[PDB]
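A.B. asks: First the structure, which I've put down as structure tokens, then a few questions once you've had a look.
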Amino acid sequence: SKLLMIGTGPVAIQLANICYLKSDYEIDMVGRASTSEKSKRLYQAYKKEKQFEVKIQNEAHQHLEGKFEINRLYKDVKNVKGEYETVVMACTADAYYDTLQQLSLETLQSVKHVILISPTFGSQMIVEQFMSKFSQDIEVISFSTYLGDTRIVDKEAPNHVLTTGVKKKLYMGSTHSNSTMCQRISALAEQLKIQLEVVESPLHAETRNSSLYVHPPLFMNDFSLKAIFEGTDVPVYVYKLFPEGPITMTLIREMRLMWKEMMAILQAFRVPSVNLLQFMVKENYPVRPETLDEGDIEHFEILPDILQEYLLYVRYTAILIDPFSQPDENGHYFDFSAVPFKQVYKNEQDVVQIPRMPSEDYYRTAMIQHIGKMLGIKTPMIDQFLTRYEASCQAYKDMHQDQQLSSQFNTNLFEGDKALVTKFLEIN
Amino acid sequence: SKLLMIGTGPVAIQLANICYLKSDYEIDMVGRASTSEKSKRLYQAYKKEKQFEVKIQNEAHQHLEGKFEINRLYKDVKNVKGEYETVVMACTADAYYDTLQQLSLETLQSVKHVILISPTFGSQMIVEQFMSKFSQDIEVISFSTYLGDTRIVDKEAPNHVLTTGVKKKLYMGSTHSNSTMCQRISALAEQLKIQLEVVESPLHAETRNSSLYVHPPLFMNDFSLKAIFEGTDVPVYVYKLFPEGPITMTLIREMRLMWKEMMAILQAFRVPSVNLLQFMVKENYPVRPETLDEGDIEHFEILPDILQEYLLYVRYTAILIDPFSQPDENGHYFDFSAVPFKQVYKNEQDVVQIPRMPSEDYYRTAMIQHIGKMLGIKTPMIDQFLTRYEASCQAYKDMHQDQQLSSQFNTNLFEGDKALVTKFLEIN
Amino acid sequence: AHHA
Amino acid sequence: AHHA
Ligand SMILES: [N+]
Ligand SMILES: [N+]
């Protein structure tokens with residue numbers, strides 16, 4: 001009953017409050033002041049108040065709120081010592097390996113369960129294969145996504161967070177069928193009034209994340225890459241139609257193609273296919289009954305290619321506005337699609353960063369590409385996505401030689417992660 | 001060299017100025033004060049100033065402007081006497097028969113050419129068959145559409161009009177191949193800097209009007225019929241997507257279906273088919289090259305059904321804004337699709353009118369339906385359009401029994417017109 | 001200006 | 001409020 005929570009962002013804090021209130025674990029958290037001004041402000045803020053706080057916006061989510069203290073906030077990963085039964089990874093998926101590899105042998109030998117909160121497709125494999133050198137029977141659990149939306153209102157008080165939304169449905173799988181830890185997590189979800197479908201494997205759960213299929217076409221195209229890396233004459237928007245945004249028949253086709261390459265990969269692992277339209281429409285953002293035929297939603301996976309694309313395009317067009325918002329007196333609804341692209345930006349030490357979109361999708365897609373090679377499945381759409389992103393990175397370096405740039409601009413990243421997946425797939 | 005111009009609206013005035021400036025005809029115009037407060041204000045205004053005036057907005061169209069007088073403005077159709085070589089019909093297509101049938105036998109025997117400015121599909125047939133009782137060799141000319149956009153700025157000075165736009169392309173056919181009148185009209189178009197494609201027959205020209213194919217699905221559906229006949233809680237718009245407007249996959253399918261029924265009818269008359277997408281995109285309102293593939297535009301007619309629909313939907317979505325307008329500093333373009341539905345309204349004598357949309361499309365579609373029966377072509381989509389419109393009319397009468405209603409609410413209108421088409425098709 |  |  002010690003828990004190590006890797007991450008100090010909003011997600012980590014929400015999760016830490018849940019553990020504090022609903023579990024018997026003594027909770028230690030770990031940041032990275034050694035490489036992050038964000039982490040250092042969190043550490044400094046917690047040191048001062050000796051409290052974290054979760055607020056909510058909608059009283060529907062009361063049970064998530066609270067003020068709490070933890071046992072120990074570690075300033076950096078390398079400081080971690082001792083034994084922990086359970087490790088929770090509330091960092092971004094690209095840091096799982098790099099973070100675990102900094103823990104001590106003593107810590108790593110003690111671990112029974114690693115719980116991955118926002119893994120990509122392939123994360124459990126990386127983490128299981130890694131932890132295997134230290135443990136004979138490591139249990140790894142993957143969720144589909146984090147449970148909701150949590151943020152910091154005020155950058156200067158990053159120990160106070162606000163959960164604004166909770167997802168309707170989440171998925172979870174374990175390396176160990178119907179384990180004690182699965183059942184405890186299931187009982188916890190019930191207590192939190194969150195629906196949780198237990199699926200056969202972590203990989204099954206990792207594939208129930210709409211972002212895997214959608215972010216790459218949306219962000220790794222010429223229109224978007226320009227908006228993020230170079231800028232635009234007038235503001236453009238992620239979810240709008242060309243020329244206001246990237247959405248085009250071309251983009252929708254690239255999405256279908258990527259989805260099918262992913263469905264081929266999933267057939268190899270014998271994981272069920274994902275009805276991308278049903279997911280979008282019944283689990284994410286609803287549309288009016290008049291917009292899409294219920295038969296077309298249900299049968300999406302077996303409909304002709306051109307029809308799958310038409311339905312995706314139509315879906316995106318239907319959420320240009322929030323059709324369930326209150327129209328004003330001129331018949332105008334809330335501009336739900338007016339989401340700006342975040343541009344490349346200088347941190348407070350003048351180092352250029354690439355924003356989460358598409359930083360993190362480069363990692364996800366790079367891993368999907370690598371699984372693909374190892375299984376002998378072709379992924380020409382994936383490949384092109386990655387090529388475009390690499391081009392934009394190289395173009396930025398050539399164009400901004402007087403600028404200090406983060407390691408995100410380098411090639412070829414993720415060698416350790418790739419080696420572990422390679423090894424895991426030789427063994428099964 | 002007398003010309004009788006039927007109509008006193010803006011179109012009639014623009015055309016009358018062209019005749020005045022560019023032809024040798026003495027021009028008489030005819031209104032209908034006996035049944036129209038609009039016609040009476042025009043007559044009263046012309047009587048006072050003794051001048052009509054066309055202004056332009058864009059100096060590109062200089063050659064259309066002018067102040068002029070005509071020889072005689074008739075107050076009503078029945079007043080017309082004497083002989084006219086040429087009759088120009090600048091009224092709405094549903095009045096062609098009803099208007100000619102009020103002229104005297106002497107007038108009707110003198111006529112050599114009837115020129116139809118905004119005919120529907122079937123208009124030449126009606127007019128040729130009618131005029132045949134009086135003339136052995138009547139020449140009938142149909143244009144695809146009126147040449148531009150002309151309006152009245154000020155209702156109180158309806159003899160002063162403003163031509164705001166000129167079409168890129170027009171079509172024209174005559175019952176008499178390469179006649180003198182065709183060539184004169186062709187030379188006139190050249191003088192006016194207006195492109196004019198001469199086609200093989202009037203019917204060929206009548207089919208090159210995008211409105212034939214598009215207005216019926218747009219206006220004769222439950223969403224639109226409610227907006228026009230009953231009203232809405234908040235303003236809705238003709239060209240917007242549900243729920244802001246009627247455009248839906250369902251609506252786009254109804255359009256394809258209607259277009260194909262029309263293409264079957266046209267194959268019967270051996271008239272070439274109409275590439276509806278190319279027309280929309282190259283002749284009406286352009287889109288950005290990125291929105292639609294040039295191959296898809298070119299080959300539209302032979303593409304699979306679902307793909308034709310996808311491309312139509314995509315077209316409509318691309319003109320939600322004017323993508324060639326100047327975006328403002330938030331990246332927002334001109335709201336080109338914010339066109340309100342005109343509702344049923346009381347004239348100044350308290351008689352309820354149905355607006356031009358869809359009044360006039362009921363006539364067009366009723367004629368298409370009647371050609372269809374006579375040729376043994378099925379038109380289930382057309383039929384349904386008409387049924388919906390009849391329902392809305394009947395529902396209005398039941399709901400508004402304390403209200404005086406125009407003849408537009410009656411059935412079955414257009415008996416004379418139908419009989420003439422029937423007769424024309426028995427004979428060929 | 002608008003769609004006609 | 002917006003698309004996430
Ligand atoms: N999306
Ligand atoms: N239209």
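Convention: chains lettered A, B, ... in structure tokens order; per-chain residue numbering from 1; ligands numbered from 1 as shown.
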Would you give me, as a Markdown table, each residue of chain A having an atom within 8 Å of an atom of ligand 1, along with its shortest atom pair and that distance in Å to one decimal, using only C-alpha atoms and all ligand atoms and sorting by chain and residue number?
C.D. replies:
```
| residue | atom | partner | partner_atom_place_in_ligand_line | distance |
| --- | --- | --- | --- | --- |
| A:210 | CA | ligand 1 | 1 (N) | 7.8 |
| A:211 | CA | ligand 1 | 1 (N) | 7.0 |
| A:214 | CA | ligand 1 | 1 (N) | 5.5 |
| A:215 | CA | ligand 1 | 1 (N) | 6.7 |
| A:218 | CA | ligand 1 | 1 (N) | 7.4 |
| A:239 | CA | ligand 1 | 1 (N) | 7.3 |
| A:316 | CA | ligand 1 | 1 (N) | 7.7 |
```
A.B. asks: Produce a file of the selected residues containing C-alpha atoms, as a short mmCIF file (atom, residue, chain, number, x, y, z; two decimals), in the first residue's frame.
C.D. replies:
```
data_model
loop_
_atom_site.label_atom_id
_atom_site.label_comp_id
_atom_site.auth_asym_id
_atom_site.auth_seq_id
_atom_site.Cartn_x
_atom_site.Cartn_y
_atom_site.Cartn_z
CA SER A 210 -11.03 8.40 -31.09
CA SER A 211 -7.93 10.66 -31.17
CA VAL A 214 -8.62 11.51 -36.07
CA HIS A 215 -5.71 13.70 -34.91
CA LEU A 218 -6.43 16.68 -38.84
CA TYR A 239 -12.46 22.00 -37.22
CA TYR A 316 -17.78 17.11 -39.25
#
```
A.B. asks: Please check the contacts: residues of chain A at most 10 Å away from chain B, using only C-alpha atoms, listed as a ChimeraX atom specification.
C.D. replies: /A:232-237,241-250,288,290-293,304-307,309-311,313-314,317-318,320-321,323-324,327-333,338
A.B. asks: From a backbone DSSP assignment, name each residue in stretch 157-197 of chain A labelled strand (DSSP E), as a PyMOL selection string.
C.D. replies: chain A and resi 160-166+169-174+195-197
A.B. asks: So that I can check the surroundings of residue A:354, please list as a PyMOL selection string every protein, DNA and RNA residue that reaches within 12 Å of it, counting only C-alpha atoms and ignoring chain neighbours fewer than 5 positions away.
C.D. replies: chain A and resi 225+228-230+341-347+359-362+389+392-393+396+405-410
A.B. asks: Put those residues in a file: N, CA and C atoms, as a PDB file, in the first residue's frame.
C.D. replies:
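The resulting result-v3.pdb:
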```pdb
ATOM      1  N   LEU A 225      -0.006  21.886 -40.714  1.00  0.00           N
ATOM      2  CA  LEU A 225       1.428  22.005 -40.443  1.00  0.00           C
ATOM      3  C   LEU A 225       1.933  23.434 -40.680  1.00  0.00           C
ATOM      4  N   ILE A 228       0.615  25.648 -37.727  1.00  0.00           N
ATOM      5  CA  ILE A 228       1.348  25.374 -36.467  1.00  0.00           C
ATOM      6  C   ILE A 228       2.833  25.866 -36.514  1.00  0.00           C
ATOM      7  N   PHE A 229       3.506  25.623 -37.629  1.00  0.00           N
ATOM      8  CA  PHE A 229       4.927  25.908 -37.810  1.00  0.00           C
ATOM      9  C   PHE A 229       5.314  27.271 -38.385  1.00  0.00           C
ATOM     10  N   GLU A 230       4.530  27.788 -39.309  1.00  0.00           N
ATOM     11  CA  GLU A 230       4.774  29.073 -39.985  1.00  0.00           C
ATOM     12  C   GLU A 230       3.785  30.191 -39.598  1.00  0.00           C
ATOM     13  N   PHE A 341      -5.512  26.659 -34.014  1.00  0.00           N
ATOM     14  CA  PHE A 341      -4.280  25.875 -33.905  1.00  0.00           C
ATOM     15  C   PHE A 341      -3.317  26.562 -32.923  1.00  0.00           C
ATOM     16  N   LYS A 342      -2.757  25.819 -31.970  1.00  0.00           N
ATOM     17  CA  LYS A 342      -1.628  26.315 -31.148  1.00  0.00           C
ATOM     18  C   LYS A 342      -0.383  26.244 -32.056  1.00  0.00           C
ATOM     19  N   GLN A 343       0.348  27.338 -32.068  1.00  0.00           N
ATOM     20  CA  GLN A 343       1.566  27.493 -32.843  1.00  0.00           C
ATOM     21  C   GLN A 343       2.789  27.079 -32.029  1.00  0.00           C
ATOM     22  N   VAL A 344       3.909  26.825 -32.730  1.00  0.00           N
ATOM     23  CA  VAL A 344       5.226  26.643 -32.065  1.00  0.00           C
ATOM     24  C   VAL A 344       5.495  27.879 -31.247  1.00  0.00           C
ATOM     25  N   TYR A 345       6.157  27.696 -30.103  1.00  0.00           N
ATOM     26  CA  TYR A 345       6.301  28.799 -29.135  1.00  0.00           C
ATOM     27  C   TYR A 345       7.565  28.590 -28.314  1.00  0.00           C
ATOM     28  N   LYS A 346       8.120  29.694 -27.839  1.00  0.00           N
ATOM     29  CA  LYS A 346       9.300  29.739 -26.970  1.00  0.00           C
ATOM     30  C   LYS A 346       8.888  29.592 -25.537  1.00  0.00           C
ATOM     31  N   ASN A 347       9.512  28.637 -24.851  1.00  0.00           N
ATOM     32  CA  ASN A 347       9.330  28.517 -23.426  1.00  0.00           C
ATOM     33  C   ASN A 347      10.028  29.698 -22.764  1.00  0.00           C
ATOM     34  N   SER A 359       2.833  17.159 -31.675  1.00  0.00           N
ATOM     35  CA  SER A 359       3.958  16.492 -30.985  1.00  0.00           C
ATOM     36  C   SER A 359       3.620  15.055 -30.668  1.00  0.00           C
ATOM     37  N   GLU A 360       2.474  14.890 -30.022  1.00  0.00           N
ATOM     38  CA  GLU A 360       2.170  13.666 -29.334  1.00  0.00           C
ATOM     39  C   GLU A 360       1.612  12.686 -30.332  1.00  0.00           C
ATOM     40  N   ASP A 361       1.021  13.197 -31.410  1.00  0.00           N
ATOM     41  CA  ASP A 361       0.498  12.354 -32.470  1.00  0.00           C
ATOM     42  C   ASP A 361       1.629  11.786 -33.350  1.00  0.00           C
ATOM     43  N   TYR A 362       2.787  12.469 -33.391  1.00  0.00           N
ATOM     44  CA  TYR A 362       3.975  11.989 -34.047  1.00  0.00           C
ATOM     45  C   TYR A 362       4.441  10.710 -33.334  1.00  0.00           C
ATOM     46  N   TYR A 389       5.299  15.501 -41.258  1.00  0.00           N
ATOM     47  CA  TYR A 389       5.707  16.080 -39.961  1.00  0.00           C
ATOM     48  C   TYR A 389       7.227  16.270 -39.883  1.00  0.00           C
ATOM     49  N   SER A 392       8.251  19.254 -41.875  1.00  0.00           N
ATOM     50  CA  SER A 392       7.955  20.543 -41.281  1.00  0.00           C
ATOM     51  C   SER A 392       8.983  20.879 -40.210  1.00  0.00           C
ATOM     52  N   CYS A 393       9.427  19.868 -39.476  1.00  0.00           N
ATOM     53  CA  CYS A 393      10.450  19.995 -38.457  1.00  0.00           C
ATOM     54  C   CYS A 393      11.820  20.444 -39.105  1.00  0.00           C
ATOM     55  N   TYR A 396      11.634  23.945 -40.346  1.00  0.00           N
ATOM     56  CA  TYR A 396      11.749  24.905 -39.254  1.00  0.00           C
ATOM     57  C   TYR A 396      13.217  25.140 -38.815  1.00  0.00           C
ATOM     58  N   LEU A 405      16.142  25.050 -30.049  1.00  0.00           N
ATOM     59  CA  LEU A 405      15.002  24.218 -30.388  1.00  0.00           C
ATOM     60  C   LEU A 405      15.004  23.027 -29.479  1.00  0.00           C
ATOM     61  N   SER A 406      13.824  22.499 -29.172  1.00  0.00           N
ATOM     62  CA  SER A 406      13.723  21.425 -28.187  1.00  0.00           C
ATOM     63  C   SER A 406      14.108  20.138 -28.865  1.00  0.00           C
ATOM     64  N   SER A 407      14.278  19.102 -28.069  1.00  0.00           N
ATOM     65  CA  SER A 407      14.586  17.808 -28.619  1.00  0.00           C
ATOM     66  C   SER A 407      13.467  17.253 -29.511  1.00  0.00           C
ATOM     67  N   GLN A 408      12.233  17.779 -29.367  1.00  0.00           N
ATOM     68  CA  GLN A 408      11.140  17.396 -30.253  1.00  0.00           C
ATOM     69  C   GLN A 408      11.426  17.562 -31.758  1.00  0.00           C
ATOM     70  N   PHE A 409      12.339  18.462 -32.143  1.00  0.00           N
ATOM     71  CA  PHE A 409      12.697  18.652 -33.564  1.00  0.00           C
ATOM     72  C   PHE A 409      13.671  17.612 -34.192  1.00  0.00           C
ATOM     73  N   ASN A 410      14.270  16.785 -33.336  1.00  0.00           N
ATOM     74  CA  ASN A 410      15.242  15.766 -33.716  1.00  0.00           C
ATOM     75  C   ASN A 410      14.619  14.545 -34.396  1.00  0.00           C
TER      76      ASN A 410
END
```
A.B. asks: Nearest to residue A:357 among A:277, A:216, A:421, A:399, with distances taken over only C-alpha atoms: which residue is it?
C.D. replies: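 Of A:277, A:216, A:421, A:399, the one nearest residue A:357 is A:216, counting only C-alpha atoms.
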A.B. asks: Within 9 Å of chain C, which residues of chain B are there when counting only C-alpha atoms? Please give them as an mmCIF file with N, CA, C and O atoms, in the first residue's frame.
C.D. replies:
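Saved result, selection-v8.cif, follows:
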```cif
data_model
loop_
_atom_site.group_PDB
_atom_site.id
_atom_site.type_symbol
_atom_site.label_atom_id
_atom_site.label_comp_id
_atom_site.auth_asym_id
_atom_site.auth_seq_id
_atom_site.Cartn_x
_atom_site.Cartn_y
_atom_site.Cartn_z
ATOM 1 N N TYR B 239 -29.931 28.226 -47.345
ATOM 2 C CA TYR B 239 -28.719 27.510 -47.776
ATOM 3 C C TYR B 239 -27.877 26.892 -46.662
ATOM 4 O O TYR B 239 -26.837 26.355 -46.925
ATOM 5 N N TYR B 285 -21.305 29.742 -59.038
ATOM 6 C CA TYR B 285 -20.558 30.232 -57.913
ATOM 7 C C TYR B 285 -19.314 29.354 -57.781
ATOM 8 O O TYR B 285 -19.419 28.105 -57.666
ATOM 9 N N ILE B 319 -19.970 26.707 -50.092
ATOM 10 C CA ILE B 319 -20.541 28.057 -50.216
ATOM 11 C C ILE B 319 -21.382 28.482 -49.009
ATOM 12 O O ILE B 319 -22.131 29.459 -49.069
ATOM 13 N N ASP B 322 -18.686 32.850 -48.608
ATOM 14 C CA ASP B 322 -18.090 33.164 -49.888
ATOM 15 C C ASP B 322 -16.599 32.959 -49.665
ATOM 16 O O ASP B 322 -15.944 33.815 -49.079
ATOM 17 N N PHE B 334 -17.587 36.370 -45.497
ATOM 18 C CA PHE B 334 -18.947 36.839 -45.663
ATOM 19 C C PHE B 334 -19.919 35.633 -45.584
ATOM 20 O O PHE B 334 -19.682 34.602 -46.263
ATOM 21 N N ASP B 335 -20.971 35.782 -44.757
ATOM 22 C CA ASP B 335 -22.054 34.765 -44.541
ATOM 23 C C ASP B 335 -23.033 34.702 -45.733
ATOM 24 O O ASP B 335 -24.156 35.179 -45.687
ATOM 25 N N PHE B 336 -22.552 34.082 -46.786
ATOM 26 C CA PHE B 336 -23.167 34.043 -48.062
ATOM 27 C C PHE B 336 -24.484 33.196 -48.055
ATOM 28 O O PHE B 336 -25.394 33.402 -48.886
ATOM 29 N N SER B 337 -24.548 32.225 -47.148
ATOM 30 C CA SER B 337 -25.698 31.317 -47.045
ATOM 31 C C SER B 337 -26.830 31.870 -46.134
ATOM 32 O O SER B 337 -27.887 31.285 -46.036
ATOM 33 N N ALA B 338 -26.638 33.016 -45.492
ATOM 34 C CA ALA B 338 -27.672 33.574 -44.612
ATOM 35 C C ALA B 338 -28.832 34.219 -45.396
ATOM 36 O O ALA B 338 -29.103 35.400 -45.263
ATOM 37 N N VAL B 339 -29.484 33.443 -46.230
ATOM 38 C CA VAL B 339 -30.610 33.921 -47.003
ATOM 39 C C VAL B 339 -31.900 33.464 -46.289
ATOM 40 O O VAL B 339 -32.184 32.293 -46.246
#
```
